[PDB]
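Next comes model_2.pdb, a file with PDB, C-alpha atoms and all ligand atoms.
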ATOM      1  CA  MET A   1     -30.320 -19.876 -10.583  1.00  0.00           C
ATOM      2  CA  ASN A   2     -27.558 -17.510  -9.546  1.00  0.00           C
ATOM      3  CA  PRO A   3     -27.534 -13.836 -10.462  1.00  0.00           C
ATOM      4  CA  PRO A   4     -24.164 -12.230 -11.120  1.00  0.00           C
ATOM      5  CA  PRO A   5     -22.313 -11.527  -7.859  1.00  0.00           C
ATOM      6  CA  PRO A   6     -22.440  -7.983  -6.482  1.00  0.00           C
ATOM      7  CA  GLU A   7     -20.030  -5.616  -8.231  1.00  0.00           C
ATOM      8  CA  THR A   8     -16.586  -5.141  -6.692  1.00  0.00           C
ATOM      9  CA  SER A   9     -15.684  -2.287  -9.022  1.00  0.00           C
ATOM     10  CA  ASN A  10     -17.683   0.470 -10.717  1.00  0.00           C
ATOM     11  CA  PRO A  11     -16.004   3.172 -12.801  1.00  0.00           C
ATOM     12  CA  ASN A  12     -18.958   5.559 -12.309  1.00  0.00           C
ATOM     13  CA  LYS A  13     -18.478   5.436  -8.545  1.00  0.00           C
ATOM     14  CA  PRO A  14     -15.704   7.404  -6.860  1.00  0.00           C
ATOM     15  CA  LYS A  15     -13.067   5.522  -4.856  1.00  0.00           C
ATOM     16  CA  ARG A  16     -11.634   6.427  -1.470  1.00  0.00           C
ATOM     17  CA  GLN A  17      -9.154   5.252   1.126  1.00  0.00           C
ATOM     18  CA  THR A  18      -9.382   6.138   4.805  1.00  0.00           C
ATOM     19  CA  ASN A  19      -7.724   4.961   8.015  1.00  0.00           C
ATOM     20  CA  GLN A  20     -11.065   3.473   9.038  1.00  0.00           C
ATOM     21  CA  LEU A  21     -11.453   1.548   5.776  1.00  0.00           C
ATOM     22  CA  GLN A  22      -7.897   0.236   6.075  1.00  0.00           C
ATOM     23  CA  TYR A  23      -8.721  -0.993   9.573  1.00  0.00           C
ATOM     24  CA  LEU A  24     -11.940  -2.611   8.341  1.00  0.00           C
ATOM     25  CA  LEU A  25      -9.877  -4.732   5.946  1.00  0.00           C
ATOM     26  CA  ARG A  26      -6.715  -5.344   7.977  1.00  0.00           C
ATOM     27  CA  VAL A  27      -8.266  -5.909  11.391  1.00  0.00           C
ATOM     28  CA  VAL A  28     -12.033  -6.380  11.225  1.00  0.00           C
ATOM     29  CA  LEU A  29     -12.603  -8.470   8.101  1.00  0.00           C
ATOM     30  CA  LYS A  30      -9.358 -10.397   8.314  1.00  0.00           C
ATOM     31  CA  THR A  31     -10.046 -11.369  11.913  1.00  0.00           C
ATOM     32  CA  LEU A  32     -13.724 -12.321  11.321  1.00  0.00           C
ATOM     33  CA  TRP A  33     -12.588 -14.390   8.331  1.00  0.00           C
ATOM     34  CA  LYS A  34     -10.687 -16.716  10.651  1.00  0.00           C
ATOM     35  CA  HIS A  35     -13.620 -17.388  12.962  1.00  0.00           C
ATOM     36  CA  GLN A  36     -14.904 -20.984  12.922  1.00  0.00           C
ATOM     37  CA  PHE A  37     -18.352 -19.778  11.792  1.00  0.00           C
ATOM     38  CA  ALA A  38     -17.089 -17.564   8.932  1.00  0.00           C
ATOM     39  CA  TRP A  39     -17.152 -20.161   6.166  1.00  0.00           C
ATOM     40  CA  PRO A  40     -20.803 -19.856   5.028  1.00  0.00           C
ATOM     41  CA  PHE A  41     -20.247 -16.134   4.523  1.00  0.00           C
ATOM     42  CA  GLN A  42     -16.925 -16.135   2.659  1.00  0.00           C
ATOM     43  CA  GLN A  43     -18.446 -16.115  -0.822  1.00  0.00           C
ATOM     44  CA  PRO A  44     -21.770 -15.403  -2.548  1.00  0.00           C
ATOM     45  CA  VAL A  45     -24.480 -17.985  -1.898  1.00  0.00           C
ATOM     46  CA  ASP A  46     -24.300 -20.493  -4.753  1.00  0.00           C
ATOM     47  CA  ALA A  47     -27.908 -21.629  -5.103  1.00  0.00           C
ATOM     48  CA  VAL A  48     -27.010 -24.432  -7.524  1.00  0.00           C
ATOM     49  CA  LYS A  49     -24.234 -25.853  -5.332  1.00  0.00           C
ATOM     50  CA  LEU A  50     -26.230 -25.499  -2.111  1.00  0.00           C
ATOM     51  CA  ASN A  51     -29.598 -26.517  -3.608  1.00  0.00           C
ATOM     52  CA  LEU A  52     -31.299 -23.312  -2.472  1.00  0.00           C
ATOM     53  CA  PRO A  53     -33.396 -22.514  -5.559  1.00  0.00           C
ATOM     54  CA  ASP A  54     -35.369 -19.935  -3.588  1.00  0.00           C
ATOM     55  CA  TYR A  55     -32.382 -18.035  -2.191  1.00  0.00           C
ATOM     56  CA  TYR A  56     -32.385 -15.201  -4.703  1.00  0.00           C
ATOM     57  CA  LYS A  57     -36.162 -15.314  -4.899  1.00  0.00           C
ATOM     58  CA  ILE A  58     -36.103 -14.151  -1.281  1.00  0.00           C
ATOM     59  CA  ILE A  59     -32.866 -12.159  -1.002  1.00  0.00           C
ATOM     60  CA  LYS A  60     -32.739  -9.182  -3.394  1.00  0.00           C
ATOM     61  CA  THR A  61     -29.664  -7.431  -1.992  1.00  0.00           C
ATOM     62  CA  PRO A  62     -27.186 -10.298  -1.455  1.00  0.00           C
ATOM     63  CA  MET A  63     -23.889  -9.656   0.304  1.00  0.00           C
ATOM     64  CA  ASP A  64     -21.007 -11.743   1.626  1.00  0.00           C
ATOM     65  CA  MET A  65     -17.524 -11.272   3.086  1.00  0.00           C
ATOM     66  CA  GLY A  66     -15.760 -12.292  -0.128  1.00  0.00           C
ATOM     67  CA  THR A  67     -17.448  -9.403  -1.914  1.00  0.00           C
ATOM     68  CA  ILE A  68     -16.723  -7.035   0.963  1.00  0.00           C
ATOM     69  CA  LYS A  69     -13.055  -8.066   0.990  1.00  0.00           C
ATOM     70  CA  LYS A  70     -12.724  -7.375  -2.752  1.00  0.00           C
ATOM     71  CA  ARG A  71     -14.500  -4.045  -2.371  1.00  0.00           C
ATOM     72  CA  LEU A  72     -12.065  -3.020   0.374  1.00  0.00           C
ATOM     73  CA  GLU A  73      -9.083  -4.243  -1.665  1.00  0.00           C
ATOM     74  CA  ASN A  74     -10.242  -2.206  -4.636  1.00  0.00           C
ATOM     75  CA  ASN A  75     -11.071   0.965  -2.649  1.00  0.00           C
ATOM     76  CA  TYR A  76     -14.664   0.691  -3.866  1.00  0.00           C
ATOM     77  CA  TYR A  77     -16.148   2.328  -0.752  1.00  0.00           C
ATOM     78  CA  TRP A  78     -16.371   6.043  -0.014  1.00  0.00           C
ATOM     79  CA  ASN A  79     -16.228   5.497   3.737  1.00  0.00           C
ATOM     80  CA  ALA A  80     -16.311   3.051   6.643  1.00  0.00           C
ATOM     81  CA  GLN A  81     -20.052   3.442   7.152  1.00  0.00           C
ATOM     82  CA  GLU A  82     -20.688   2.278   3.596  1.00  0.00           C
ATOM     83  CA  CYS A  83     -18.655  -0.878   4.270  1.00  0.00           C
ATOM     84  CA  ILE A  84     -20.351  -1.393   7.638  1.00  0.00           C
ATOM     85  CA  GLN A  85     -23.721  -1.279   5.863  1.00  0.00           C
ATOM     86  CA  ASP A  86     -22.586  -4.210   3.684  1.00  0.00           C
ATOM     87  CA  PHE A  87     -21.737  -6.315   6.758  1.00  0.00           C
ATOM     88  CA  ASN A  88     -25.119  -5.425   8.233  1.00  0.00           C
ATOM     89  CA  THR A  89     -26.903  -6.383   5.005  1.00  0.00           C
ATOM     90  CA  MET A  90     -25.087  -9.732   5.094  1.00  0.00           C
ATOM     91  CA  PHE A  91     -26.244 -10.449   8.645  1.00  0.00           C
ATOM     92  CA  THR A  92     -29.823  -9.263   8.045  1.00  0.00           C
ATOM     93  CA  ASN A  93     -30.046 -11.353   4.864  1.00  0.00           C
ATOM     94  CA  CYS A  94     -29.214 -14.415   6.918  1.00  0.00           C
ATOM     95  CA  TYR A  95     -31.926 -13.661   9.470  1.00  0.00           C
ATOM     96  CA  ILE A  96     -34.393 -13.000   6.658  1.00  0.00           C
ATOM     97  CA  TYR A  97     -33.674 -16.106   4.584  1.00  0.00           C
ATOM     98  CA  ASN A  98     -33.694 -18.502   7.536  1.00  0.00           C
ATOM     99  CA  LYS A  99     -35.520 -18.958  10.877  1.00  0.00           C
ATOM    100  CA  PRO A 100     -34.684 -18.087  14.477  1.00  0.00           C
ATOM    101  CA  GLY A 101     -32.538 -20.734  16.114  1.00  0.00           C
ATOM    102  CA  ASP A 102     -31.258 -22.259  12.872  1.00  0.00           C
ATOM    103  CA  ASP A 103     -27.589 -23.307  12.956  1.00  0.00           C
ATOM    104  CA  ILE A 104     -26.786 -20.824  10.159  1.00  0.00           C
ATOM    105  CA  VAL A 105     -28.506 -18.079  12.164  1.00  0.00           C
ATOM    106  CA  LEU A 106     -26.504 -18.974  15.289  1.00  0.00           C
ATOM    107  CA  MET A 107     -23.360 -18.571  13.180  1.00  0.00           C
ATOM    108  CA  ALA A 108     -24.385 -15.157  11.860  1.00  0.00           C
ATOM    109  CA  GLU A 109     -25.384 -14.027  15.394  1.00  0.00           C
ATOM    110  CA  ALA A 110     -21.926 -14.979  16.707  1.00  0.00           C
ATOM    111  CA  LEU A 111     -20.188 -13.181  13.837  1.00  0.00           C
ATOM    112  CA  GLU A 112     -22.359 -10.103  14.287  1.00  0.00           C
ATOM    113  CA  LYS A 113     -21.438  -9.776  17.971  1.00  0.00           C
ATOM    114  CA  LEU A 114     -17.741 -10.085  17.163  1.00  0.00           C
ATOM    115  CA  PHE A 115     -18.143  -7.582  14.332  1.00  0.00           C
ATOM    116  CA  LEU A 116     -19.836  -5.086  16.659  1.00  0.00           C
ATOM    117  CA  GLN A 117     -17.073  -5.565  19.223  1.00  0.00           C
ATOM    118  CA  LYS A 118     -14.447  -4.713  16.633  1.00  0.00           C
ATOM    119  CA  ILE A 119     -16.162  -1.687  15.063  1.00  0.00           C
ATOM    120  CA  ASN A 120     -17.091  -0.171  18.431  1.00  0.00           C
ATOM    121  CA  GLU A 121     -13.837   1.723  18.180  1.00  0.00           C
ATOM    122  CA  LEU A 122     -12.238   2.641  14.864  1.00  0.00           C
ATOM    123  CA  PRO A 123      -9.012   4.611  14.297  1.00  0.00           C
ATOM    124  CA  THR A 124      -9.348   8.396  13.962  1.00  0.00           C
ATOM    125  CA  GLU A 125      -8.913   9.978  10.513  1.00  0.00           C
TER     126      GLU A 125
HETATM  127  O1  LIG B 201     -28.532 -17.464   4.590  1.00  0.00           O
HETATM  128  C1  LIG B 201     -27.322 -17.975   4.284  1.00  0.00           C
HETATM  129  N1  LIG B 201     -27.113 -19.389   4.100  1.00  0.00           N
HETATM  130  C2  LIG B 201     -25.676 -19.590   3.750  1.00  0.00           C
HETATM  131  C3  LIG B 201     -25.178 -20.967   3.545  1.00  0.00           C
HETATM  132  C4  LIG B 201     -23.872 -21.218   3.166  1.00  0.00           C
HETATM  133  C5  LIG B 201     -23.463 -22.533   3.014  1.00  0.00           C
HETATM  134  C6  LIG B 201     -24.349 -23.581   3.237  1.00  0.00           C
HETATM  135  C7  LIG B 201     -25.658 -23.327   3.621  1.00  0.00           C
HETATM  136  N2  LIG B 201     -26.578 -24.396   3.864  1.00  0.00           N
HETATM  137  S1  LIG B 201     -26.212 -25.540   4.975  1.00  0.00           S
HETATM  138  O2  LIG B 201     -25.033 -26.250   4.529  1.00  0.00           O
HETATM  139  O3  LIG B 201     -27.331 -26.491   5.103  1.00  0.00           O
HETATM  140  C8  LIG B 201     -25.864 -24.843   6.565  1.00  0.00           C
HETATM  141  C9  LIG B 201     -26.646 -24.981   7.771  1.00  0.00           C
HETATM  142  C10 LIG B 201     -25.943 -24.230   8.900  1.00  0.00           C
HETATM  143  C11 LIG B 201     -24.729 -23.628   8.428  1.00  0.00           C
HETATM  144  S2  LIG B 201     -24.551 -23.969   6.864  1.00  0.00           S
HETATM  145  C12 LIG B 201     -26.057 -22.012   3.780  1.00  0.00           C
HETATM  146  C13 LIG B 201     -24.973 -18.386   3.699  1.00  0.00           C
HETATM  147  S3  LIG B 201     -25.905 -17.191   4.011  1.00  0.00           S
END
The structure given in the file should be rewritten as structure tokens.
Ligand SMILES: O=c1[nH]c(-c2cccc(NS(=O)(=O)c3cccs3)c2)cs1
Amino acid sequence: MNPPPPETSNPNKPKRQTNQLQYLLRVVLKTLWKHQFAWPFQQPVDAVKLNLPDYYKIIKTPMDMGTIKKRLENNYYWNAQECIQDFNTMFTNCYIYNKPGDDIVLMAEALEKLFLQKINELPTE
């Protein structure tokens, strides 16, 4: 069973645009998206499709790059750090749901290193 995907809009929450958030969409996300290991992370885990009936029994704060992309596109975030926390939740979720050395974990580890490389330096505001 799949819960609804994480919100990508919320009228109670204030919106913002910053140079750093623009960069997170235009450079960081859009480059990671093209990586050969990006595909498992491009949309919410579909537990019915993937036959992972325990996925949402284990993972209570799901996150994926599709959701992050839509959040950036909709100016959902207040700042870069908020967006960065979503990437970090995505990676951590993968390590939590799986086991060290798993192929899916190797993919997340590779993406995380590339992500860290790209956010090491952000534009100034
Ligand atoms: O913890 C997470 N698993 C996934 C995911 C996405 C697509 C397919 C799978 N299962 S899978 O096809 O057996 C697989 C194993 C290694 C990479 S994908 C997991 C995303 S986040």
Shell of 9 Å around residue 64 of chain A, all atoms listed in the file, local chain residues under 5 positions omitted, as a ChimeraX atom specification: /A:40-45,69,86-87,89-91
Interatomic distance (Å, one decimal) between atom CA of residue 34 of chain A and atom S3 of ligand LIG 201 (chain B):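 Between atom CA of residue 34 of chain A and atom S3 of ligand LIG 201 (chain B) the gap is 16.6 Å.
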task: Using only C-alpha atoms and all ligand atoms, determine which residues fall within 8 Å of ligand LIG 201 (chain B), then list them as an MDAnalysis selection string.
output: chainID A and resid 39:41 44:46 50 52 55 64 90 93:98 102:105 107
- request: Find the residues near residue 2 of chain A: any atom within 8 Å, counting all atoms listed in the file, skip ones fewer than 4 places away on the same chain, and give them as a PyMOL selection string.
  value: chain A and resi 46-48+56
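Note that the spacing between atom CA of residue 30 of chain A and atom CA of residue 58 of chain A amounts to 28.7 Å.
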task: For the structure provided, state which residues fall under the PyMOL selection byres (((chain A and resi 9) around 9) and not hetatm), and present them as a ChimeraX atom specification.
output: /A:7-8,10-11,13,70-71,74-76
Determine, counting all atoms listed in the file, which protein, DNA and RNA residues have an atom within 10 Å of an atom of segment 14-29 of chain A; residues of the same chain fewer than 4 positions away are not included. Present the result as an mmCIF file with C-alpha atoms, in the coordinates of the input.
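The resulting file, part_4.cif, is reproduced below:
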data_model
loop_
_atom_site.group_PDB
_atom_site.id
_atom_site.type_symbol
_atom_site.label_atom_id
_atom_site.label_comp_id
_atom_site.auth_asym_id
_atom_site.auth_seq_id
_atom_site.Cartn_x
_atom_site.Cartn_y
_atom_site.Cartn_z
ATOM 1 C CA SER A 9 -15.684 -2.287 -9.022
ATOM 2 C CA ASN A 10 -17.683 0.470 -10.717
ATOM 3 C CA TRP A 33 -12.588 -14.390 8.331
ATOM 4 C CA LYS A 34 -10.687 -16.716 10.651
ATOM 5 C CA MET A 65 -17.524 -11.272 3.086
ATOM 6 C CA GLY A 66 -15.760 -12.292 -0.128
ATOM 7 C CA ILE A 68 -16.723 -7.035 0.963
ATOM 8 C CA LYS A 69 -13.055 -8.066 0.990
ATOM 9 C CA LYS A 70 -12.724 -7.375 -2.752
ATOM 10 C CA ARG A 71 -14.500 -4.045 -2.371
ATOM 11 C CA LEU A 72 -12.065 -3.020 0.374
ATOM 12 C CA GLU A 73 -9.083 -4.243 -1.665
ATOM 13 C CA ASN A 74 -10.242 -2.206 -4.636
ATOM 14 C CA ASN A 75 -11.071 0.965 -2.649
ATOM 15 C CA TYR A 76 -14.664 0.691 -3.866
ATOM 16 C CA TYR A 77 -16.148 2.328 -0.752
ATOM 17 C CA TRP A 78 -16.371 6.043 -0.014
ATOM 18 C CA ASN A 79 -16.228 5.497 3.737
ATOM 19 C CA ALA A 80 -16.311 3.051 6.643
ATOM 20 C CA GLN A 81 -20.052 3.442 7.152
ATOM 21 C CA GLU A 82 -20.688 2.278 3.596
ATOM 22 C CA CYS A 83 -18.655 -0.878 4.270
ATOM 23 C CA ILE A 84 -20.351 -1.393 7.638
ATOM 24 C CA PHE A 87 -21.737 -6.315 6.758
ATOM 25 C CA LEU A 114 -17.741 -10.085 17.163
ATOM 26 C CA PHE A 115 -18.143 -7.582 14.332
ATOM 27 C CA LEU A 116 -19.836 -5.086 16.659
ATOM 28 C CA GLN A 117 -17.073 -5.565 19.223
ATOM 29 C CA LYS A 118 -14.447 -4.713 16.633
ATOM 30 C CA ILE A 119 -16.162 -1.687 15.063
ATOM 31 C CA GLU A 121 -13.837 1.723 18.180
ATOM 32 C CA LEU A 122 -12.238 2.641 14.864
ATOM 33 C CA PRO A 123 -9.012 4.611 14.297
ATOM 34 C CA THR A 124 -9.348 8.396 13.962
ATOM 35 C CA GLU A 125 -8.913 9.978 10.513
#
- request: Please indicate the distance in Å from atom CA of residue 61 of chain A to atom CA of residue 6 of chain A, rounded to one decimal place.
  value: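 Separation between atom CA of residue 61 of chain A and atom CA of residue 6 of chain A: 8.5 Å.
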Would you compute, for all listed atoms of segment 51-59 of chain A, the axis-aligned bounding box grown by 3 Å on each side, and then report its centre and edge lengths in Å rounded to one decimal, as JSON?
{"center_x": -32.9, "center_y": -19.3, "center_z": -3.3, "size_x": 12.6, "size_y": 20.4, "size_z": 10.6}
Please rebuild segment 82-106 of chain A with N, CA and C atoms and give the result as a short mmCIF file (atom, residue, chain, number, x, y, z; two decimals), in the frame of the given file.
data_model
loop_
_atom_site.label_atom_id
_atom_site.label_comp_id
_atom_site.auth_asym_id
_atom_site.auth_seq_id
_atom_site.Cartn_x
_atom_site.Cartn_y
_atom_site.Cartn_z
N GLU A 82 -20.20 2.98 4.77
CA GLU A 82 -20.69 2.28 3.60
C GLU A 82 -20.33 0.79 3.67
N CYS A 83 -19.10 0.50 4.10
CA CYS A 83 -18.66 -0.88 4.27
C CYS A 83 -19.42 -1.57 5.40
N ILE A 84 -19.59 -0.86 6.51
CA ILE A 84 -20.35 -1.39 7.64
C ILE A 84 -21.78 -1.76 7.23
N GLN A 85 -22.39 -0.96 6.36
CA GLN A 85 -23.72 -1.28 5.86
C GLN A 85 -23.74 -2.61 5.11
N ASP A 86 -22.68 -2.91 4.36
CA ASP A 86 -22.59 -4.21 3.68
C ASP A 86 -22.53 -5.39 4.66
N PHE A 87 -21.73 -5.28 5.72
CA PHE A 87 -21.74 -6.32 6.76
C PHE A 87 -23.14 -6.48 7.34
N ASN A 88 -23.79 -5.36 7.65
CA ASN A 88 -25.12 -5.42 8.23
C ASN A 88 -26.16 -6.03 7.30
N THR A 89 -26.04 -5.76 6.00
CA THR A 89 -26.90 -6.38 5.00
C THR A 89 -26.67 -7.90 4.97
N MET A 90 -25.41 -8.31 5.05
CA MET A 90 -25.09 -9.73 5.09
C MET A 90 -25.75 -10.44 6.28
N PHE A 91 -25.67 -9.83 7.46
CA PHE A 91 -26.24 -10.45 8.64
C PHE A 91 -27.77 -10.49 8.53
N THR A 92 -28.38 -9.36 8.20
CA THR A 92 -29.82 -9.26 8.04
C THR A 92 -30.36 -10.25 7.01
N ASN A 93 -29.64 -10.38 5.89
CA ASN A 93 -30.05 -11.35 4.86
C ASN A 93 -30.17 -12.75 5.45
N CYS A 94 -29.22 -13.10 6.31
CA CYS A 94 -29.21 -14.42 6.92
C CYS A 94 -30.45 -14.60 7.80
N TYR A 95 -30.76 -13.58 8.59
CA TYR A 95 -31.93 -13.66 9.47
C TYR A 95 -33.21 -13.72 8.64
N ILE A 96 -33.23 -12.99 7.53
CA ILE A 96 -34.39 -13.00 6.66
C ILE A 96 -34.60 -14.34 5.95
N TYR A 97 -33.54 -14.91 5.40
CA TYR A 97 -33.67 -16.11 4.58
C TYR A 97 -33.96 -17.36 5.42
N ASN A 98 -33.57 -17.33 6.68
CA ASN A 98 -33.69 -18.50 7.54
C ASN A 98 -34.76 -18.33 8.61
N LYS A 99 -34.55 -18.94 9.78
CA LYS A 99 -35.52 -18.96 10.88
C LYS A 99 -34.75 -18.78 12.16
N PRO A 100 -35.39 -18.21 13.20
CA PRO A 100 -34.68 -18.09 14.48
C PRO A 100 -34.25 -19.47 14.98
N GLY A 101 -33.04 -19.52 15.51
CA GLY A 101 -32.54 -20.73 16.11
C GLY A 101 -31.83 -21.68 15.17
N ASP A 102 -31.96 -21.44 13.86
CA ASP A 102 -31.26 -22.26 12.87
C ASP A 102 -29.75 -22.19 13.12
N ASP A 103 -29.04 -23.28 12.83
CA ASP A 103 -27.59 -23.31 12.96
C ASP A 103 -26.93 -22.15 12.19
N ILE A 104 -27.39 -21.89 10.97
CA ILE A 104 -26.79 -20.82 10.16
C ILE A 104 -27.02 -19.46 10.81
N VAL A 105 -28.17 -19.31 11.47
CA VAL A 105 -28.51 -18.08 12.16
C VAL A 105 -27.65 -17.92 13.42
N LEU A 106 -27.41 -19.02 14.14
CA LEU A 106 -26.50 -18.97 15.29
C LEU A 106 -25.10 -18.53 14.89
#
